[PDB]
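Accompanying notes for the structure given below.
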Amino acid sequence: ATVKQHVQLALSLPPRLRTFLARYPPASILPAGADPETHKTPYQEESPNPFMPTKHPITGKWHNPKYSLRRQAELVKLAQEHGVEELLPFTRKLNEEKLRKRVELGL
Amino acid sequence: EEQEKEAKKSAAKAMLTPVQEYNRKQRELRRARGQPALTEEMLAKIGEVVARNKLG
Amino acid sequence: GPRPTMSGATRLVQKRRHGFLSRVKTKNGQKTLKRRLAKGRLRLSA
Amino acid sequence: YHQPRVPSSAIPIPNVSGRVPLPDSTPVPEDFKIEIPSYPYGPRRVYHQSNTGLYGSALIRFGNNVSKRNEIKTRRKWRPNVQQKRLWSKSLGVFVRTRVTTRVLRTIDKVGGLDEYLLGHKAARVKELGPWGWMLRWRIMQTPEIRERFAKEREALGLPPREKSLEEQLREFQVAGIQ
Amino acid sequence: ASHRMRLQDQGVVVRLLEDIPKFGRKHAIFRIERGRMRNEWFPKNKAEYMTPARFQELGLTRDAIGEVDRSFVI
RNA sequence: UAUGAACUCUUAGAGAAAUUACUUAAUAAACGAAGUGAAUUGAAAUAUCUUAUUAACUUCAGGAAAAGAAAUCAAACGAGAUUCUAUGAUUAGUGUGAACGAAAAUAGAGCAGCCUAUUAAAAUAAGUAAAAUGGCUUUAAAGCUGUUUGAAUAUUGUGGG
RNA sequence: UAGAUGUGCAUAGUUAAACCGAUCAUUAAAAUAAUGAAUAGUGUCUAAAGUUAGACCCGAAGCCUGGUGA
Ligand SMILES: [K+]
Ligand SMILES: [K+]
Ligand SMILES: [Mg+2]
Ligand SMILES: [Mg+2]
Ligand SMILES: [Mg+2]
Ligand SMILES: [Mg+2]
Ligand SMILES: [Mg+2]
Ligand SMILES: [Mg+2]
Ligand SMILES: [Mg+2]
Ligand SMILES: [Mg+2]
Ligand SMILES: [Mg+2]
Ligand SMILES: [Mg+2]
Ligand SMILES: [Mg+2]
Ligand SMILES: [Mg+2]
Ligand SMILES: [Mg+2]
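Encoded structure:
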């Protein structure tokens with residue numbers, strides 16, 4: 002029964018989050034014995050991290066991240082209210098990244 | 298009257314560069330891929346993180 | 095003082111200056127008709 | 042302008058207005074026209090002089106004439122440095138006459154010729170071309186060089202090989223006109 | 052002298068293709084006045100513009116630009 | 001809830017609109033964006049300024065249009081597209097003066113995000129950013145711009161602010 | 001149910017200004033040497049008013065813009 006309750010928590014998230022996790026699923030939620038590099042998502046194959054810029058191989062030009070720095074904060078602020086901030090990929094807007102960088106280096 | 302109008306508005310498709318024709322072609326294929334779906338297994342694992350970060 | 099300027103006046107010149115075709119066929123004339131039409135006039139010309 | 046005749050093409054360089062009148066010698070069927078696709082961004086509502094030349098993004102600008110002591114403002118105009126040059130077209134093989142600004146002359150040398158300046162696909166360029174630059178673009182697309190160049194760039198992009211060209215229709219009319 | 056002077060153009064980079072006499076040998080890169088290249092050399096296919104794309108195909112870099120040799124002879 | 005009929009002109013071409021001659025020929029104003037752009041007036045005269053990015057005119061477009069998901073603001077904490085209304089604000093600030101005059105933020109009306117855009121668009125942007133000069137705007141920045149010139153390649157700190 | 005939210009004015013003065021502070025400012029070091037400045041505000045109503053809006057009412061000759069007419 003606990004499994005049916007968990008599936009209800011994942012389907013209760015906003016559609017904006019469910020959509021993002023569907024095309025950018027982290028290795029944590031993937032199957033146990035599955036590998037990260039294999040069975041990649043068509044969105045992940047284009048860019049592993051949608052928040053970081055990617056340099057196109059054929060043309061030496063950097064493509065902007067699929068989600069701007071403003072949109073990166075809306076997902077973090079939306080993922081933190083539902084306790085799903087651990088699934089979002091690395092981002093300079095993460096609450097733990099903003100704090101670690103301050104404590105490590107400081108002003 | 299409208300058939301000869303859309304054929305006039307879309308008459309510039311013959312002046313497309315090989316690169317422009319390539320981007321539009323890839324987009325036609327991308328739209329056919331659809332949106333990935335979340336399996337019940339993946340949904341169950343997402344619920345654990347929500348419950349753990351809310352109740353414990 | 096006023097003068098008798100309509101003496102010997104012909105109705106052919108009334109239609110060539112203030113007629114209807116002299117306005118729909120001109121850029122400035124369309125304003126007159128559009129102005130007189132917004133006011134509600136019945137006599138748009140001549 | 043008074044454009045030259047293309048060496049081995051029955052299609053003449055388009056007119057400034059977009060018309061492509063063919064000579065009477067070339068037999069043409071009844072009710073047949075060479076209609077160039079419409080300019081995407083449409084004509085330029087101000088400075089219509091720029092709708093007939095390669096003006097880039099320049100227009101006539103209005104400002105002030107500031108005096109020396111009292112700084113009295115007077116309305117004046119700034120005109121672009123428009124010249125009339127005979128530019129060489131490798132694909133066509135003739136000197137295309139046009140009115141081009143000195144700034145666009147540098148862009149033609151920067152990209153590597155008039156043909157490379159007309160085949161640009163970036164949005165900033167299609168706006169700079171204008172209705173006239175968009176007609177020359179259509180013309181060089183009919184030449185056999187550009188047709189054989191784009192057919193080669195489509196294989197590098199993994200596109201299928203690419209119905210009847212315009213220059214062939216005029217060739218068939220010269221044949222059909224005999225029987 | 053002054054901290055700011057008149058802005059001038061140094062020319063356009065071109066790579067010869069027919070060994071023009073009195074200017075340079077075939078496949079020689081250098082800066083030439085835009086007037087000659089735009090009206091005399093480019094129409095006659097005597098040279099070609101060296102665009103950043105052309106530099107990559109030829110494998111050379113922007114530091115390969117030479118100089119005009121007026122003393123050249125066929 | 002369906003249904004027959006519904007002339008002529010604006011409105012084929014011409015012409016002295018409601019005619020001719022033909023034919024199953026047919027779309028006002030106000031509002032919107034851009035371009036151009038005054039003067040009365042106030043300064044107790046008057047030139048910069050103000051009146052005023054006003055009125056008006058021209059082009060283009062739709063039932064609305066425009067704008068819009070940050071090369072935005074903040075200040076060492078953080079906010080998170082555009083649009084409308086109020087407060088902030090007879091403020092900061094500029095101007096000799098007369099006067100002109102923001103933004104952050106707050107509250108309310110609405111709320112929607114995206115590129116696989118619910119209409120089909122990018123291989124991530126070069127004569128571009130930027131500089132000198134002549135102007136606009138403005139607080140000297142930012143933004144717009146004629147002329148002459150003219151870059152770099154991502155937090156492993158490249159580019160703009 | 002609980003928590004939070006929404007201009008403002010006053011409560012401390014002093015100076016050009018901050019630091020400072022029942023003390024502060026000038027005295028180029030400071031110092032009762034000298035001089036000045038300290039204790040009910042806030043909201044509403046009625047009425048009279050200052051300011052900007054046509055601004056108590058009536059009245060020019062004229063200036064500019066777009067159109068009209070031989
Ligand atoms: K002030
Ligand atoms: K500036
Ligand atoms: Mg008289
Ligand atoms: Mg008479
Ligand atoms: Mg003109
Ligand atoms: Mg020179
Ligand atoms: Mg008619
Ligand atoms: Mg009729
Ligand atoms: Mg305001
Ligand atoms: Mg005075
Ligand atoms: Mg970019
Ligand atoms: Mg600039
Ligand atoms: Mg700066
Ligand atoms: Mg900039
Ligand atoms: Mg105080």
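Listed in order, the protein sequences are those of chains b, Q, Y, S and G.
The C-terminal residue of the first sequence carries number 108 in the entry's author numbering, and the numbering is unbroken.
The C-terminal residue of the second sequence carries number 353 in the entry's author numbering, and the numbering is unbroken.
The C-terminal residue of the third sequence carries number 140 in the entry's author numbering, and the numbering is unbroken.
Numbering (the entry's author numbering) for the fourth sequence: 42 to 203, 209 to 225.
The C-terminal residue of the fifth sequence carries number 125 in the entry's author numbering, and the numbering is unbroken.
All C-beta atoms in this analysis are idealised placements derived from N, C-alpha and C, irrespective of residue type, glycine included.
{"Query": "Identify every residue that forms a DSSP beta bridge with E99/G.", "Result": "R66/G"}
{"Query": "Please classify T148/S: does DSSP put it in a helix, a strand, or coil?", "Result": "helix"}
{"Query": "Any idea what DSSP makes of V141/S, helix, strand or coil?", "Result": "strand"}
{"Query": "Is the stretch 141–156 of chain S close to the stretch 88–99 of chain G, with three or more CB pairs under 8 Å?", "Result": "yes"}
{"Query": "Please identify, using Cβ separations under 7 Å, the residues of the stretch 56–70 of chain G that lie next to chain S, in order along the chain.", "Result": "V63"}
{"Query": "Going along chain Q in order, which residues have a C-beta closer than 7 Å to the C-beta of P62/S?", "Result": "The premise fails here: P62/S is roughly 20 Å from chain Q at the closest Cβ pair, so nothing lies under 7 Å."}
{"Query": "Give a yes or no on whether 8 Å exceeds the smallest Cβ distance from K322/Q to chain S.", "Result": "yes"}
{"Query": "Report the neighbours of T112/G on chain S: residues whose CB is nearer than 8 Å to its CB, in chain order.", "Result": "The premise fails here: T112/G is roughly 18 Å from chain S at the closest Cβ pair, so nothing lies under 8 Å."}
{"Query": "Classify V104/b as helix, strand or coil using the three-state DSSP reduction.", "Result": "helix"}
{"Query": "Which residue wins for smallest C-alpha separation from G97/S, given the options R147/S, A197/S, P201/S?", "Result": "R147/S"}
{"Query": "Just to make sure I have the definition right: I need the residues of chain Q whose C-beta is within less than 7 Å of the C-beta of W179/S. Which are they?", "Result": "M312"}
{"Query": "Ordered along the chain, which non-local residues of its own chain (more than five positions away) have a Cβ less than 6 Å from that of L14/b?", "Result": "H83"}
{"Query": "Starting from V152/S, find everything on chain G with Cβ-Cβ shorter than 9 Å and list it in chain order.", "Result": "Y100, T102"}
{"Query": "For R130/Y, which residues in the same chain have their Cβ closer than 6 Å to its Cβ, ignoring the five residues on either side in sequence?", "Result": "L138"}
{"Query": "Leaving out the 5 sequence neighbours to the left and right, which residues in its chain are closer than 8 Å to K168/S when beta-carbon positions are compared?", "Result": "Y82, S98"}
{"Query": "Does the beta-carbon of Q90/S, which I'm using as the reference point, lie nearer than 7 Å to any heavy atom of ligand 5?", "Result": "yes"}
{"Query": "Have a look at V47/S and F52/b and give me their C-alpha separation to the nearest angstrom.", "Result": "53 Å"}
{"Query": "Kindly identify the DSSP beta-bridge partner or partners of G104/S.", "Result": "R117/S"}
{"Query": "Which residues mark the beginning and the end of the beta strand (DSSP E) in which residue 128/G is found?", "Result": "Examination of residue 128/G is not possible in this model, given that chain G is present from 52 through 125 alone."}
{"Query": "I'd like to check one pair, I116/G with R82/G: are the Cβ atoms closer than 8 Å?", "Result": "yes"}
{"Query": "Are the stretch 98–113 of chain Y and the stretch 58–66 of chain b touching by the rule of at least three beta carbon pairs closer than 8 Å?", "Result": "no"}
{"Query": "Is the Cβ of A308/Q closer than 8 Å to any Cβ of chain S?", "Result": "yes"}
{"Query": "Against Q300/Q, what residues of chain S qualify as contacts under a CB-to-CB distance less than 7 Å, listed in chain order?", "Result": "What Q300/Q touches in chain S: nothing, since even the nearest Cβ is about 16 Å away."}
{"Query": "If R203/S sits next to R195/S, beta carbons under 8 Å apart, how far is it from one beta carbon to the other, in whole angstroms?", "Result": "7 Å"}
{"Query": "Please check the pair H54/G and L67/G, which I expect to be a contact at CB under 8 Å, by giving their CB distance rounded to whole angstroms.", "Result": "Not confirmed; about 38 Å, so no contact."}
{"Query": "Assuming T139/S and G94/S make a contact with CB atoms under 8 Å, what is their CB distance in whole Å?", "Result": "6 Å"}
{"Query": "Give the residues of chain Q in contact with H57/b, contact being defined as C-beta atoms less than 7 Å apart.", "Result": "Going along chain Q, no residue has its Cβ under 7 Å from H57/b, so there is no contact; the nearest lies around 13 Å."}
{"Query": "Please say whether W173/S and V87/S have beta carbons closer to each other than 8 Å?", "Result": "no"}
{"Query": "Considering only C-alpha positions, which residue in the set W92/G, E84/G, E108/G is nearest to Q61/G?", "Result": "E84/G"}
{"Query": "According to DSSP, simplified to helix, strand and coil, what is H7/b?", "Result": "helix"}
{"Query": "Using beta carbons (cut-off 8 Å, strictly below), is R87/G in contact with chain S?", "Result": "no"}
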